[PDB]
>>> print(open('target-v6.txt').read())   # compact mmCIF, C-alpha atoms
# COMPACT_ATOMS: atom_id res chain seq x y z
CA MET W 1 6.03 -20.07 -9.55
CA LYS W 2 2.47 -19.58 -8.33
CA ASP W 3 1.42 -15.97 -7.63
CA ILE W 4 -0.17 -14.68 -4.45
CA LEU W 5 0.50 -10.99 -4.97
CA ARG W 6 -2.39 -10.26 -7.33
CA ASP W 7 -4.95 -12.00 -5.13
CA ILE W 8 -3.65 -10.20 -2.06
CA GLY W 9 -3.97 -6.85 -3.86
CA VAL W 10 -7.54 -7.55 -4.96
CA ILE W 11 -8.67 -8.76 -1.55
CA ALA W 12 -7.18 -5.67 0.09
CA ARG W 13 -8.75 -3.26 -2.40
CA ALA W 14 -12.12 -5.00 -2.09
CA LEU W 15 -12.04 -4.78 1.71
CA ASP W 16 -11.15 -1.09 1.67
CA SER W 17 -13.88 -0.35 -0.91
CA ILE W 18 -16.47 -2.05 1.30
CA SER W 19 -15.32 -0.23 4.43
CA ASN W 20 -15.36 3.10 2.60
CA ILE W 21 -18.96 2.53 1.53
CA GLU W 22 -19.98 1.51 5.06
CA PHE W 23 -18.30 4.54 6.71
CA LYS W 24 -19.29 7.04 4.02
CA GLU W 25 -21.54 9.12 6.26
CA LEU W 26 -19.20 9.15 9.25
CA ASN W 27 -16.13 10.97 7.84
CA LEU W 28 -14.19 7.72 7.92
CA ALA W 29 -14.14 6.89 4.21
CA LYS W 30 -11.33 7.50 1.70
CA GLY W 31 -9.37 4.99 3.77
CA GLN W 32 -9.28 7.19 6.88
CA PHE W 33 -10.59 4.40 9.13
CA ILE W 34 -7.21 2.62 9.00
CA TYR W 35 -5.47 5.61 10.58
CA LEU W 36 -8.00 6.14 13.34
CA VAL W 37 -7.79 2.48 14.34
CA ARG W 38 -4.00 2.55 14.77
CA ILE W 39 -4.09 5.92 16.54
CA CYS W 40 -6.69 4.68 19.05
CA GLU W 41 -4.57 1.58 19.67
CA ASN W 42 -1.29 3.52 19.93
CA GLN W 43 -2.26 6.78 21.61
CA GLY W 44 0.47 9.41 21.29
CA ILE W 45 2.16 7.73 18.32
CA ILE W 46 4.09 10.02 15.98
CA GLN W 47 3.31 10.09 12.27
CA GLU W 48 6.57 8.53 11.04
CA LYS W 49 6.01 5.50 13.31
CA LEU W 50 2.41 5.21 12.12
CA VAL W 51 3.62 5.27 8.52
CA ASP W 52 6.02 2.44 9.29
CA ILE W 53 3.26 0.42 10.92
CA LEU W 54 0.98 0.87 7.89
CA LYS W 55 3.68 0.60 5.17
CA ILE W 56 2.12 3.52 3.33
CA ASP W 57 3.73 6.60 1.78
CA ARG W 58 4.20 9.84 3.73
CA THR W 59 2.04 12.06 1.49
CA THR W 60 -0.93 9.69 1.56
CA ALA W 61 -0.66 9.44 5.36
CA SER W 62 -0.37 13.21 5.73
CA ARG W 63 -3.53 13.79 3.67
CA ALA W 64 -5.54 11.31 5.73
CA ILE W 65 -4.25 12.57 9.08
CA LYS W 66 -5.06 16.22 8.41
CA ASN W 67 -8.55 15.25 7.25
CA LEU W 68 -9.20 13.25 10.42
CA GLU W 69 -7.99 16.31 12.32
CA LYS W 70 -10.28 18.59 10.31
CA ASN W 71 -13.25 16.35 11.13
CA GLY W 72 -12.49 16.26 14.86
CA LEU W 73 -11.58 12.55 15.07
CA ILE W 74 -7.93 12.98 16.02
CA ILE W 75 -5.89 15.76 17.57
CA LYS W 76 -2.17 16.56 17.39
CA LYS W 77 -0.46 17.29 20.69
CA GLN W 78 2.88 18.91 21.53
CA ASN W 79 5.89 16.60 21.56
CA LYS W 80 8.30 18.04 24.14
CA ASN W 81 11.10 15.79 22.87
CA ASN W 82 10.79 16.72 19.21
CA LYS W 83 8.75 19.78 18.21
CA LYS W 84 8.58 18.71 14.54
CA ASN W 85 6.90 15.39 15.34
CA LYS W 86 3.56 15.98 17.09
CA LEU W 87 1.87 13.22 19.10
CA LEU W 88 -1.31 11.78 17.56
CA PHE W 89 -4.29 11.05 19.83
CA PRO W 90 -7.89 10.20 19.11
CA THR W 91 -10.50 12.73 20.25
CA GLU W 92 -13.42 11.58 22.40
CA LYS W 93 -15.48 11.34 19.22
CA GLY W 94 -12.78 9.23 17.56
CA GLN W 95 -12.68 6.79 20.48
CA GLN W 96 -16.47 6.45 20.43
CA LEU W 97 -16.37 5.46 16.75
CA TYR W 98 -13.41 3.06 17.08
CA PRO W 99 -15.56 0.07 18.13
CA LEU W 100 -17.67 0.49 15.01
CA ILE W 101 -14.61 0.19 12.78
CA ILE W 102 -13.49 -2.98 14.62
CA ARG W 103 -16.95 -4.51 14.30
CA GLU W 104 -17.11 -3.77 10.60
CA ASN W 105 -13.65 -5.35 10.13
CA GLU W 106 -14.61 -8.41 12.16
CA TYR W 107 -17.70 -8.88 10.00
CA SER W 108 -15.68 -8.69 6.75
CA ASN W 109 -13.12 -11.07 8.30
CA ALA W 110 -15.87 -13.60 8.99
CA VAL W 111 -17.09 -13.24 5.41
CA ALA W 112 -13.57 -13.72 4.03
CA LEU W 113 -13.23 -16.96 5.98
CA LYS W 114 -16.61 -18.46 5.12
CA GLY W 115 -16.15 -22.17 4.42
CA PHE W 116 -12.82 -22.56 6.21
CA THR W 117 -12.33 -25.21 8.88
CA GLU W 118 -10.49 -24.00 11.98
CA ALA W 119 -7.49 -25.99 10.75
CA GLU W 120 -7.41 -24.05 7.49
CA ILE W 121 -7.66 -20.70 9.32
CA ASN W 122 -4.66 -21.33 11.56
CA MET W 123 -2.21 -22.09 8.78
CA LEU W 124 -3.50 -19.18 6.72
CA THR W 125 -2.78 -16.76 9.58
CA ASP W 126 0.71 -18.07 10.26
CA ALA W 127 1.54 -18.11 6.56
CA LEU W 128 0.39 -14.52 6.20
CA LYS W 129 2.54 -13.57 9.19
CA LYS W 130 5.48 -15.18 7.35
CA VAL W 131 4.61 -13.37 4.13
CA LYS W 132 4.37 -10.07 6.00
CA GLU W 133 7.87 -10.53 7.40
CA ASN W 134 9.47 -11.41 4.07
CA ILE W 135 8.24 -8.23 2.43
CA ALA W 136 8.71 -5.86 5.38
CA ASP W 137 12.49 -6.19 5.04
CA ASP W 138 12.44 -5.35 1.34
CA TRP W 139 10.00 -2.52 2.07
CA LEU W 140 12.40 -1.05 4.61
CA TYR W 141 15.42 -1.57 2.33
CA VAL W 142 13.73 0.16 -0.56
CA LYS W 143 12.22 2.93 1.61
CA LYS W 144 15.74 3.84 2.81
CA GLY W 145 16.54 4.42 -0.86
CA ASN W 146 18.58 1.28 -1.50
CA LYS W 147 18.14 -0.51 -4.83
CA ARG W 148 17.06 -4.11 -5.29
CA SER W 149 18.51 -6.56 -7.75
CA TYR W 150 15.57 -7.87 -9.81
CA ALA S 1 -13.98 -14.26 17.65
CA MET S 2 -11.99 -16.10 14.99
CA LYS S 3 -8.43 -15.15 14.13
CA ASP S 4 -8.03 -12.14 11.87
CA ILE S 5 -6.35 -12.37 8.47
CA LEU S 6 -7.53 -8.95 7.23
CA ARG S 7 -4.98 -6.72 8.95
CA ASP S 8 -2.07 -8.74 7.62
CA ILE S 9 -3.53 -8.82 4.11
CA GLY S 10 -3.90 -5.04 4.19
CA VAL S 11 -0.34 -4.40 5.38
CA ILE S 12 1.07 -6.88 2.86
CA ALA S 13 -0.85 -5.24 0.02
CA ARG S 14 0.18 -1.72 1.03
CA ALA S 15 3.83 -2.77 1.44
CA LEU S 16 3.85 -4.34 -2.04
CA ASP S 17 2.32 -1.27 -3.68
CA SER S 18 4.80 0.97 -1.92
CA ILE S 19 7.75 -1.06 -3.19
CA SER S 20 6.33 -1.01 -6.72
CA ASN S 21 5.70 2.76 -6.64
CA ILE S 22 9.26 3.36 -5.54
CA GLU S 23 10.66 1.10 -8.27
CA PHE S 24 8.51 2.69 -11.04
CA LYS S 25 8.91 6.30 -9.79
CA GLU S 26 10.84 7.50 -12.83
CA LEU S 27 8.61 5.75 -15.38
CA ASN S 28 5.25 7.48 -14.77
CA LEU S 29 3.94 4.20 -13.36
CA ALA S 30 3.91 5.10 -9.67
CA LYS S 31 0.94 6.36 -7.65
CA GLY S 32 -0.48 2.88 -8.24
CA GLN S 33 -0.81 3.44 -11.97
CA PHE S 34 1.03 0.23 -12.83
CA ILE S 35 -1.96 -1.81 -11.65
CA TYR S 36 -4.13 -0.30 -14.40
CA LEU S 37 -1.61 -0.59 -17.24
CA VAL S 38 -1.16 -4.29 -16.48
CA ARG S 39 -4.88 -5.08 -16.79
CA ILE S 40 -5.32 -2.89 -19.85
CA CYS S 41 -2.45 -4.69 -21.57
CA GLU S 42 -3.96 -8.02 -20.56
CA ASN S 43 -7.50 -7.08 -21.62
CA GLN S 44 -7.12 -4.83 -24.64
CA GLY S 45 -10.27 -2.83 -25.37
CA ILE S 46 -11.73 -3.26 -21.88
CA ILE S 47 -14.15 -0.54 -20.74
CA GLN S 48 -13.56 1.32 -17.48
CA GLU S 49 -16.59 -0.20 -15.75
CA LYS S 50 -15.23 -3.70 -16.34
CA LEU S 51 -11.71 -2.72 -15.28
CA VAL S 52 -13.13 -1.34 -12.04
CA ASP S 53 -14.84 -4.67 -11.34
CA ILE S 54 -11.62 -6.63 -11.92
CA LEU S 55 -9.68 -4.34 -9.58
CA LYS S 56 -12.44 -3.91 -6.98
CA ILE S 57 -11.61 -0.20 -6.75
CA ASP S 58 -13.90 2.86 -6.84
CA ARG S 59 -14.85 4.79 -10.00
CA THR S 60 -13.22 8.08 -8.95
CA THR S 61 -9.84 6.53 -8.21
CA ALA S 62 -9.79 4.52 -11.44
CA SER S 63 -10.87 7.54 -13.44
CA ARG S 64 -7.97 9.61 -12.08
CA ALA S 65 -5.42 6.87 -12.79
CA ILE S 66 -6.66 6.23 -16.34
CA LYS S 67 -6.65 9.95 -17.14
CA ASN S 68 -3.06 10.21 -15.93
CA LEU S 69 -1.95 7.18 -17.93
CA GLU S 70 -3.58 8.76 -21.00
CA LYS S 71 -1.79 12.04 -20.26
CA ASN S 72 1.57 10.25 -20.10
CA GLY S 73 1.05 8.34 -23.36
CA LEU S 74 0.76 4.87 -21.83
CA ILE S 75 -2.86 4.11 -22.73
CA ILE S 76 -5.32 5.48 -25.23
CA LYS S 77 -9.14 5.66 -25.32
CA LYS S 78 -10.83 4.61 -28.54
CA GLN S 79 -14.41 5.22 -29.65
CA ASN S 80 -16.89 2.46 -28.85
CA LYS S 81 -19.38 1.77 -31.66
CA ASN S 82 -21.64 -0.14 -29.27
CA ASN S 83 -21.88 2.52 -26.55
CA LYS S 84 -20.17 5.80 -27.35
CA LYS S 85 -20.46 6.85 -23.70
CA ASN S 86 -17.99 4.09 -22.67
CA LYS S 87 -14.64 4.29 -24.49
CA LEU S 88 -12.37 1.30 -25.12
CA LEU S 89 -9.06 1.24 -23.23
CA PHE S 90 -5.92 0.12 -25.09
CA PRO S 91 -2.24 0.29 -24.24
CA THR S 92 -0.07 2.51 -26.42
CA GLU S 93 3.09 1.09 -28.03
CA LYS S 94 5.03 2.65 -25.15
CA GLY S 95 2.67 1.09 -22.60
CA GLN S 96 3.15 -2.29 -24.21
CA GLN S 97 6.94 -1.99 -24.14
CA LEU S 98 6.90 -1.28 -20.41
CA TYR S 99 4.42 -4.02 -19.51
CA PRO S 100 7.08 -6.79 -19.16
CA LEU S 101 9.00 -4.69 -16.62
CA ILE S 102 5.95 -4.41 -14.37
CA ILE S 103 5.42 -8.16 -14.57
CA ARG S 104 9.09 -8.89 -13.78
CA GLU S 105 9.08 -6.55 -10.79
CA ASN S 106 5.80 -8.05 -9.51
CA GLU S 107 7.15 -11.59 -10.02
CA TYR S 108 10.23 -10.73 -8.02
CA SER S 109 8.28 -9.35 -5.07
CA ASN S 110 6.07 -12.45 -5.24
CA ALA S 111 9.17 -14.66 -4.94
CA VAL S 112 10.34 -12.65 -1.91
CA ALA S 113 6.89 -12.96 -0.36
CA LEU S 114 7.14 -16.73 -0.67
CA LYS S 115 10.70 -17.11 0.68
CA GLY S 116 11.36 -19.70 3.36
CA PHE S 117 8.17 -21.51 2.36
CA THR S 118 8.21 -25.21 1.67
CA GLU S 119 6.62 -26.05 -1.71
CA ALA S 120 3.71 -27.70 0.10
CA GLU S 121 3.21 -24.54 2.17
CA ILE S 122 2.86 -22.52 -1.08
CA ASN S 123 0.11 -24.65 -2.60
CA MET S 124 -2.13 -24.38 0.46
CA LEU S 125 -1.77 -20.59 0.53
CA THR S 126 -2.63 -20.05 -3.13
CA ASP S 127 -5.88 -21.98 -2.86
CA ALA S 128 -6.85 -20.33 0.43
CA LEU S 129 -6.37 -16.84 -1.01
CA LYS S 130 -8.48 -17.70 -4.05
CA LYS S 131 -11.20 -18.85 -1.65
CA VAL S 132 -10.91 -15.56 0.27
CA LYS S 133 -11.01 -13.48 -2.91
CA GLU S 134 -14.22 -15.18 -4.06
CA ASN S 135 -15.88 -14.77 -0.66
CA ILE S 136 -15.10 -11.04 -0.48
CA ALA S 137 -15.90 -10.42 -4.17
CA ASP S 138 -19.57 -11.23 -3.62
CA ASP S 139 -19.92 -8.78 -0.74
CA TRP S 140 -18.17 -6.06 -2.71
CA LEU S 141 -20.73 -6.51 -5.50
CA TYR S 142 -23.65 -6.65 -3.07
CA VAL S 143 -22.56 -3.41 -1.42
CA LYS S 144 -21.52 -1.53 -4.60
CA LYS S 145 -25.11 -1.86 -5.86
CA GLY S 146 -26.40 -0.10 -2.76
CA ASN S 147 -27.50 -3.13 -0.72
CA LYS S 148 -26.93 -3.10 3.04
CA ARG S 149 -24.95 -5.69 5.00
CA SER S 150 -26.21 -6.96 8.37
CA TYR S 151 -23.39 -6.40 10.86
>>> encode(input="target-v6.txt", output="structure tokens")
Amino acid sequence: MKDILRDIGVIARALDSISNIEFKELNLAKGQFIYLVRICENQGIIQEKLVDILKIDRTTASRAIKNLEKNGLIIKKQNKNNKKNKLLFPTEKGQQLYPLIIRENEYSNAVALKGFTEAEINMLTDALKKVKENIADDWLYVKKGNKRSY
Amino acid sequence: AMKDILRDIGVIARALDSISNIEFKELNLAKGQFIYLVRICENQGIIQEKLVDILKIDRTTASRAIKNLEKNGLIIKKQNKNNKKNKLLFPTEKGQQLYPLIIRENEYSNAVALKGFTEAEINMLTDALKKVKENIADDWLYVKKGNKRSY
């Protein structure tokens, strides 16, 4: 069976490398830009929900979040319903930088799709949505500590 | 504004790495290290600079992973008669014996990723992703050298 997993991994790493270089002077490198984007779009989100959105590990997310906090791009607010799980908000500075991250992503997205007809783009997006769903279930299964048969 | 494929690619990639890290946790192949051992097994004697270009990762990250694989006896650095400053990367015997497990686990997740797809639907996707990889590869190179994109 044909493999997509290696190409997906390379594309994703290449995109993050490029973003990290382009945000290097703005305290948004080392992959931090991904967190700020989701936090701007989901103001007040708790960290465990963010982690589930991103499908990343807790320790990696924690490192990135505290660094964004240190650099004044996000702030943690009191959660009256659960003291342990603080609410994540962007700061004013974080919101002012958000459109730059989106623009940079849009530019890379246009580069990635160079030479595609509109017809090719639409099946690629729906197929990726399908791929995402197939693996999300196994991600959740395995994250809960259950073991796969492989 | 055309439709975005980048967010989904990123989430798919992170989800796959997370599953792999969990399934290799007891074998010193987590923290993304499995990615390196695979390419070193498949390209014996490769230098780190070339491995970085295959993976499209940064030097610091790759350096850390390779050092940890060397610490855990999965790869070994050999002297390079052509440039002593860049050592040759080989798998150890142990690294080689674990290689097929990484492939099997990756193959399984690939099969899951492609579930529910018609055969025809799989062929279109493979070619499209190759096209995307090539497009992005050029920009990565351009930017890694210090050149500035116009965005």
>>> residues_around(input="target-v6.txt", residues="residue W:7", least_positions_apart="2", cutoff="12 Å", atoms="all atoms listed in the file", output="PyMOL selection string")
(chain W and resi 2-5+9-14) or (chain S and resi 9-10+12-13+54-56+110+125-134+136-137)
>>> closest_residue(input="target-v6.txt", among="W:54, W:65, W:1, W:37", to="residue S:112", atoms="only C-alpha atoms")
W:1
>>> atom_distance(input="target-v6.txt", atom1="atom CA of residue S:62", atom2="atom CA of residue W:107")
26.5 Å
>>> residues_near_point(input="target-v6.txt", point="(-20.8, -2.8, 4.2)", cutoff="6 Å", atoms="only C-alpha atoms", output="ChimeraX atom specification")
/W:18,22 /S:143,149
>>> closest_residue(input="target-v6.txt", among="W:15, W:8, W:73, W:46", to="residue W:32", atoms="only C-alpha atoms")
W:73
>>> closest_residue(input="target-v6.txt", among="W:64, W:75, W:28, W:53", to="chain S", atoms="all atoms listed in the file")
W:53
>>> residues_around(input="target-v6.txt", residues="residue W:149", least_positions_apart="2", cutoff="12 Å", atoms="all atoms listed in the file", output="PyMOL selection string")
(chain W and resi 138+141-142+146-147) or (chain S and resi 23+104-105+108-109+112)
>>> axis_aligned_box(input="target-v6.txt", around="stretch 50-65 of chain S", padding_each_side="8 Å", output="JSON")
{"center_x": -10.3, "center_y": 1.5, "center_z": -11.5, "size_x": 25.8, "size_y": 32.2, "size_z": 25.6}
>>> atom_distance(input="target-v6.txt", atom1="atom CA of residue W:33", atom2="atom CA of residue W:100")
10.0 Å
>>> residues_near_point(input="target-v6.txt", point="(-17.7, -11.5, 5.9)", cutoff="10 Å", atoms="only C-alpha atoms", output="MDAnalysis selection string")
(chainID W and resid 15 104:114) or (chainID S and resid 132 135:136 138:139 149:151)
>>> write_last_selection(input="target-v6.txt", atoms="C-alpha atoms", output="PDB file, in the coordinates of the input")
ATOM      1  CA  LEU W  15     -12.040  -4.780   1.710  1.00  0.00           C
ATOM      2  CA  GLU W 104     -17.110  -3.770  10.600  1.00  0.00           C
ATOM      3  CA  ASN W 105     -13.650  -5.350  10.130  1.00  0.00           C
ATOM      4  CA  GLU W 106     -14.610  -8.410  12.160  1.00  0.00           C
ATOM      5  CA  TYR W 107     -17.700  -8.880  10.000  1.00  0.00           C
ATOM      6  CA  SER W 108     -15.680  -8.690   6.750  1.00  0.00           C
ATOM      7  CA  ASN W 109     -13.120 -11.070   8.300  1.00  0.00           C
ATOM      8  CA  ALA W 110     -15.870 -13.600   8.990  1.00  0.00           C
ATOM      9  CA  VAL W 111     -17.090 -13.240   5.410  1.00  0.00           C
ATOM     10  CA  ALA W 112     -13.570 -13.720   4.030  1.00  0.00           C
ATOM     11  CA  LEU W 113     -13.230 -16.960   5.980  1.00  0.00           C
ATOM     12  CA  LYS W 114     -16.610 -18.460   5.120  1.00  0.00           C
TER      13      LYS W 114
ATOM     14  CA  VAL S 132     -10.910 -15.560   0.270  1.00  0.00           C
ATOM     15  CA  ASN S 135     -15.880 -14.770  -0.660  1.00  0.00           C
ATOM     16  CA  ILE S 136     -15.100 -11.040  -0.480  1.00  0.00           C
ATOM     17  CA  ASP S 138     -19.570 -11.230  -3.620  1.00  0.00           C
ATOM     18  CA  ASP S 139     -19.920  -8.780  -0.740  1.00  0.00           C
ATOM     19  CA  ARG S 149     -24.950  -5.690   5.000  1.00  0.00           C
ATOM     20  CA  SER S 150     -26.210  -6.960   8.370  1.00  0.00           C
ATOM     21  CA  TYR S 151     -23.390  -6.400  10.860  1.00  0.00           C
TER      22      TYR S 151
END
